[PDB]
Amino acid sequence: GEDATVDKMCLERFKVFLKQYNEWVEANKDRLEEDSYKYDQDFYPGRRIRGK
Amino acid sequence: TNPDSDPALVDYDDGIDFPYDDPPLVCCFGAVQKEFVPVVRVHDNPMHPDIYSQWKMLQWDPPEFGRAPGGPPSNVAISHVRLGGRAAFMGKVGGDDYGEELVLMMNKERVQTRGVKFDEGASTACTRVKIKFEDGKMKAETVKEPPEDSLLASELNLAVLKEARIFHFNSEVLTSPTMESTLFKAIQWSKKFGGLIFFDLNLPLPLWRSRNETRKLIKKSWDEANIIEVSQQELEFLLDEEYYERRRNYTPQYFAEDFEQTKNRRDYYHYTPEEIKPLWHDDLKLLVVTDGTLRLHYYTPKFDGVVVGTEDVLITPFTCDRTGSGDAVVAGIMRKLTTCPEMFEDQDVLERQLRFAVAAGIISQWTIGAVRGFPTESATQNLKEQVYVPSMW
Amino acid sequence: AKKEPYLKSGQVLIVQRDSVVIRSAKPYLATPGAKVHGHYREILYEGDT
Amino acid sequence: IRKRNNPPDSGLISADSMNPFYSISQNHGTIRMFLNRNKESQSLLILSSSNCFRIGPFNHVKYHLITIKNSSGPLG
Ligand SMILES: [Ca+2]
Ligand SMILES: [K+]
């Protein structure tokens, strides 16, 4: 219940990873998407979801 | 009575009071030549340089731009008369034997040459040029234009223009400053009397150099043409040559999006009217895109579509000749337009009458020479009924 | 259904939420007593009996 | 074998045209390969857009607190 909420959790090592992960995502969201178009002609299950 | 005057004051009048004889007259304006395919592009797999007997192999396996090549406006006039219509040719020829021969060629074809002027001090189909070595490359400059490219605006036959319900010209005249000025006067007169303007592009060799440059030259004549005929290569070149080539070369990586794509047939792509918007204008009553005699993509303000055709140059391998096929399909269009005014606003009858143009083009590919083997109306009508099921004719 | 066009002959290769991908197949009717040449899943080229 | 034993060490002076990398400066389809043990050699087929096609879309799938909405994702 209430004692089991997130605010009672440490998760700091995972939180630091999320901080690094979010920073990496912003700096590579566009870069990865362009590579998908450059290499994968047609979208297929298992490929990067691109476009709309 | 002044051809060079502005077509806004008193007409040429004269004593025409009785009704004109059917079918409606058609004016074909520009140079007069025999053969002389204008559309020239660079093609791969050339045959033997000297052994011309092998060159038939490129007639039944032609370059995609030369599938139904056009010609001079004289071919359209000659082919139109053999289809039953009446055509008058406007142009200038020299006083030499060739000018007499060319006029004799059109006279024997029942083409009204009353609009043909004679330049005594000129040599027919003869352009005097000066060779100059500029930047290490040999070039030439037109010192004196030929009589074909030397028709003054004061030499126009207003009697032809008033009667002519359709005015036909090519983009070859746009390569001559003299004829380009004369053309706009003739178009202005023709619009005054109510005739329709037909623009068969047939882009000559210089006009294939650049898309932007060509569209600027065509811009003025394109905007005043009620009917325009272009080939697939011409239309793609005007819009984007590389874009439509990439679509043809595109193959889905994993699977086809429909069963028909698996067959990997020839790409008979029908351009959407949105892709035609850059080239469309208010006065354009009809635009036809001809993939040879295979597809006739027609476009009207109200509707658009494609008419499926065929080609069988292989049925007579030794007498097949693509030359003049584009003239035959154009002449077939004008033959029916002058007789079926409902075509511009009835899609069903538009397809049926365009099949006549398809059949005319097919026959024109079965004989060596353009004017030598332009089909007769009965020959064209018979092929249309044989090729198509009776529901399509 | 009524609205959907007919399905070309083949085997259902991919099933998705809305669309289905079919691998083209050509059924040959065979009467009893005929002799099928080739084991199951054997590759046949054009013109092979 | 054993590239040491390559008289091709003198083969370049013969009719060879190997670049010294000091002055030198579509087709698709998946592999459909299976082992038919009667041949002792796997046979190959190519599945491409010329064999597999897509049937048009249709509706054939018929479905039978301090918290956020359920979302497909990792649990850890
Ligand atoms: Ca043409
Ligand atoms: K011909």
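Residues numbered from 1 in each chain as written, not as in the entry; some residues may be left out. Chains lettered and ligands numbered in written order. Part of a larger assembly, values for the part shown. Heavy atoms only, no water.

Student: Would you take a moment to explain the environment of B:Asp11 for this structure?
Tutor: Residues and elements named next belong to chain B. In this structure, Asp11 sits in the segment before β1 (25-29). Overall, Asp11 belongs to the partly exposed group, its relative accessible area being 37%. Taking C-alpha positions, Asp11 is 9.1 Å from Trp189, a pair spaced 178 residues apart along the chain. Setting aside chain neighbours within four positions, we find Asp11 in contact with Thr1, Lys192 and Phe193. There is a polar contact of 3.2 Å between the side chain of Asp11 and the side chain of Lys192. (Helix = DSSP H or I, 4+ residues; strand = E, 2+ residues; numbered from the N terminus. Buried < 20%, exposed > 50% of the residue type's maximum accessible area, 1.4 Å probe, protein only. Contact = heavy atoms within 4.5 Å. Polar contact = N/O pair within 3.5 Å; in protein donor to acceptor, adjacent residues only side chain to side chain.)

Student: What is the right way to read the state of the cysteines from this model?
Tutor: Such a bond, covalent and formed between the sulfur atoms of two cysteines, is termed a disulfide. Summed over all chains, the structure comprises zero disulfides over all chains. Looking at the unpaired B:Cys28, the closest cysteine sulfur is the one in B:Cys27, lying at 6.7 Å. (Disulfide = S-S within 2.5 Å.)

Student: When you look at the pattern of salt bridges in this model, what are you seeing that I'm missing?
Tutor: When their charged atoms lie close together, side chains carrying opposite charge are able to pair. Residues and elements named next belong to chain B. Counted by the stated rule, this structure contains 24 salt bridges over all chains. Note that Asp11 is salt-bridged to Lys192, the shortest N-O span being 3.2 Å. Pair noted here: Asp11 is in the segment before β1 and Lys192 is in helix α4 (residues 177-193), with a separation of 181 residues, a long-range link. On the accessibility criterion, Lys192 (27% relative accessible area) is partly exposed. A salt bridge links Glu163 to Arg114, with the nearest nitrogen and oxygen atoms 2.7 Å apart. (Salt bridge = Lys/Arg side-chain N within 4 Å of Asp/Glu carboxyl O.)

Student: What's the story with unusual backbone geometry in this structure? I'm lost.
Tutor: Of all residues except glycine, most have a negative phi; of all peptide bonds, most are trans. Residues and elements named next belong to chain B. For the bond running from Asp22 to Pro23, omega is 0°, close enough to zero to count as cis. Mapped onto the elements, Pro23 comes out in the segment before β1. A positive phi is found at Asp13, a non-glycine position, where the angle reads about 60°. Considering the arrangement of structural elements, one finds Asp13 in the segment before β1. Given the relative accessible area of 57%, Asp13 is considered exposed.

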